[PDB]
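Reminder, nothing fancy here: chain letters follow the sequence lines and each chain counts from 1. For ligands, and for the atoms within them, numbers begin at 1 and follow the listed sequence. What you see below is based on every heavy atom in this structure, not just the backbone, and it leaves out hydrogens, waters and symmetry mates.
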Amino acid sequence: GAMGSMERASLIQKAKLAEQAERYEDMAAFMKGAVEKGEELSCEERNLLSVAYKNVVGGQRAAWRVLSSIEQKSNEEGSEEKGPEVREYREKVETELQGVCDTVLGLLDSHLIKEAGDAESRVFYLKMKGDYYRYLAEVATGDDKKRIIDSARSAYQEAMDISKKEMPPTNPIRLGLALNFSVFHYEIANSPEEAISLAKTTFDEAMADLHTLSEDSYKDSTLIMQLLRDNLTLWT
Amino acid sequence: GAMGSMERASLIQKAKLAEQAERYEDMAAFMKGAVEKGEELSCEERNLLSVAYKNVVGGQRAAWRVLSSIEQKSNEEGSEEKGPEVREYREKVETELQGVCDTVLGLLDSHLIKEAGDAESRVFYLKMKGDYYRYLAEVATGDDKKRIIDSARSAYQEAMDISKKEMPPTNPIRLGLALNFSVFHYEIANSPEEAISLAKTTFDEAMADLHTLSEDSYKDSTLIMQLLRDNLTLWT
Amino acid sequence: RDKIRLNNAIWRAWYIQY
Amino acid sequence: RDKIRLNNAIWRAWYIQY
Ligand SMILES: O=C(COc1ccccc1P(=O)(O)O)NCC(F)(F)c1ccccc1F
Ligand SMILES: O=C(COc1ccccc1P(=O)(O)O)NCC(F)(F)c1ccccc1F
Ligand SMILES: [Mg+2]
Ligand SMILES: [Mg+2]
Ligand SMILES: [Mg+2]
Ligand SMILES: [Mg+2]
Ligand SMILES: [Mg+2]
Ligand SMILES: [Mg+2]
């Protein structure tokens, strides 16, 4: 624990400074330290935790994709110029990406999910759980991949059940969850029909109860609603 | 030496992959490993070394500036909300930035400068030396800062003497050196008159002998010439 | 927003193409 | 090029302002 001796409030402050400086590794490290104090996170703090790790793993995924693309052109008829280098470096990125996902899922399992009381917060962490299993799924293989897919679905599905029961259809976390579960269906579980179905339903039910938009978060809600519509444009 | 067991050619390959993936820390690490094989660097390899470390320290400088700006608003009349957090995190970035500069200057002193035979390569590494002392100068204080400034000037000045003797006025390394030495004058040595004078002279002498543009590098040359003119716009 | 939207579309498109 | 130029100007301007 490199953050064990620092005040919780100071860690939260430095996370925000790191965000402004676009130092997402540092930001993740500070928020990890804050979580390990053992207190629940406020809404604001949960968003910082998510933004930090989302950007870290996002950079790794992006790098993975670049290397994967390069590797496709190589090891091919016509482009006979192989060598182990591309694979090796891609596997290096892969291992680090797995390391970060495991860290996040570790924090969630110990100790954000069980300590959550609010229904909004429980869904938030279950959505996160689904997301970081999804990211593991994108680079996994074999029996490992199968276990990961099941864990992602199970986390997403429980999140959905709670969100349908406890949250209005325009709630940004509910919308964000359905959006990403939709992506899971399309990109991981190989179920594009269910991806389209969920995305559409979510959008239409948000529109049907647009009056439920919150003054505090309608910008988030409308943005996710647009993202749903954009994915539907691509997928159909 | 984490790269000690990897082939030189493989390190050079992975540096290029890291560049494409915008993984500049990795790229720097691979090029460091290549340098430590003890062979000279080709033109292409020197550029990779520079691009890698320039981007690493560039991110750190950018983060330093963000934190420095935040720290200016705080600790001030009106905005009475201090705490040690901003300073502490800025000092953290500062220490890492110093660590990278020291690594680069270490590679240059052992063992790129002494092993250089070509006049173009000797100037390249002397320019680099000047640059990474300049970056140390931006965050240093007291007697440490004074020593750093002298080391930067000495490296730049020797580079200039060799470049005026051995290279045409449109050579991109000669132009890039004068550009950065100009910046040194303005931003570090507190000599804006000499900064303007050098920038102007460099541009005019490049224009006076524009016929010396190389087919291999005229795009680099014209770009630096434009950068010189842009700095002159700002500084006058 | 349109920047976030563009990024999203490009990321989502990557899967479809590759 | 103009992107490299813009970045350069902003970086160089920072020193002048701060
Ligand atoms: O842009 C992407 C592309 O995909 C990723 C990129 C970086 C990190 C994570 C993901 P994803 O695979 O969507 O989880 N996703 C939308 C988003 F930026 F996340 C997003 C933005 C705003 C609201 C919700 C939301 F979800
Ligand atoms: O943009 C900046 C702003 O300043 C920095 C930013 C990042 C890293 C290093 C520096 P600097 O202080 O110029 O060494 N500089 C021009 C440049 F991109 F470097 C450059 C580009 C092309 C040719 C020469 C050249 F020099
Ligand atoms: Mg306490
Ligand atoms: Mg692997
Ligand atoms: Mg459905
Ligand atoms: Mg050998
Ligand atoms: Mg310091
Ligand atoms: Mg002069």
Which ligand 1 atoms are under 4.0 Å away from a heavy-atom of [X]?
X: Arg134(A); result: 11 (P), 12 (O), 14 (O)
X: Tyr135(A); result: 9 (C), 11 (P), 12 (O), 14 (O)
X: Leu179(A); result: 26 (F)
X: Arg12(C); result: 3 (C), 4 (O), 11 (P), 12 (O), 13 (O), 15 (N)
X: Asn180(A); result: 26 (F)

Note the single closest protein heavy atom to [atom], along with its residue, its atom name and the distance in Å.
atom: atom 17 (C) of ligand 1; value: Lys54(A) CE, 4.0 Å
atom: atom 8 (C) of ligand 1; value: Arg61(A) NH1, 3.6 Å
atom: atom 1 (O) of ligand 1; value: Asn8(C) CA, 3.3 Å
atom: atom 22 (C) of ligand 1; value: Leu227(A) CD1, 3.7 Å
atom: atom 3 (C) of ligand 1; value: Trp11(C) CB, 3.4 Å

Would you say the side-chain atoms of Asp26(A) and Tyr89(B) include a donor-acceptor pair closer than 3.5 Å?
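Yes, a side-chain donor-acceptor pair sits under 3.5 Å.
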
How are the rings of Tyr18(C) and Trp14(C) set to each other: parallel, tilted or perpendicular (split at 30° and 60°)?
->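 It falls in the parallel class, under 30°.
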
- prompt: Relative to each other, are the rings of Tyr15(D) and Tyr186(B) parallel, tilted or perpendicular (30° and 60° limits)?
  reply: perpendicular

Report yes or no: is the cationic atom of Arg46(A) (NZ for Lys, CZ for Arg) closer than 6.0 Å to the six-membered ring centre of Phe124(A), at no more than 45° off its axis?
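Yes, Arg46(A) sits over the ring of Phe124(A).
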
- Task: Please tell me if the side chains of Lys129(B) and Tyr156(B) come closer than 4.5 Å, counting only heavy atoms from C-beta onward.
- Result: no

message = So for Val183(A), does at least one of its heavy atoms come nearer than 4.0 angstrom to any atom of ligand 1?
response = no

